[PDB]
């Protein structure tokens, strides 16, 4: 990464440790500071309640002067997986990019957009039932079918194992 980008993104992670944004866990790949991974916890008064949504922010080589590419990995019913999402703070809008936006601000914009129904490149149309099904299955998806989640968030995989144990044992 450039030295400027590396310093900036290191500080952004520190700021998130100090004041963790509601609903959002995020950190750099330990092998590439430009590639960040996040986990959004679905807010309760949405069809995403109980869901666990992993995705990435990929900062470009010219960060902080160009925006990240924003993708969601976990199937979710709102955004097509593994696809760059057209958000106000994203690489679709380099024209109105503000270098000063924090990573928390960018991620909060993703979450705020996600819980609206506004259409944009990368969004998809599903029913409420489909979103709820995907939310319910998201923890399993991340625990068993998501290679990158296991590599980046192994401590969360272990938490997930307990969560799924309790769901299975307490309901059967």
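Residue numbers count along the first chain shown, from 1.
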Tell me which of 66-74 and 143-151 has the higher mean C-alpha B-factor in the deposited entry. 143-151
Compare the mean C-alpha B-factor of 18-26 with that of 5-13 as given in the PDB entry, and name the stretch with the higher value. 18-26
Split into thirds by Cα B-factor across the chain's modelled residues, where does residue 98 land: lowest, middle or highest? highest
Can you tell me whether residue 49 has a C-alpha B-factor in the lowest, middle or highest third compared with the other modelled residues of the same chain? middle
Looking at the entry's B-factor column for C-alpha atoms only, identify whether residue 157 ranks in the lowest, middle or highest third of its chain. middle
Determine, from the deposited record, the chain-internal third of the Cα B-factor for residue 56: lowest, middle or highest. lowest
Chain third (lowest, middle, highest) by recorded CA B-factor, residue given as residue 37: lowest
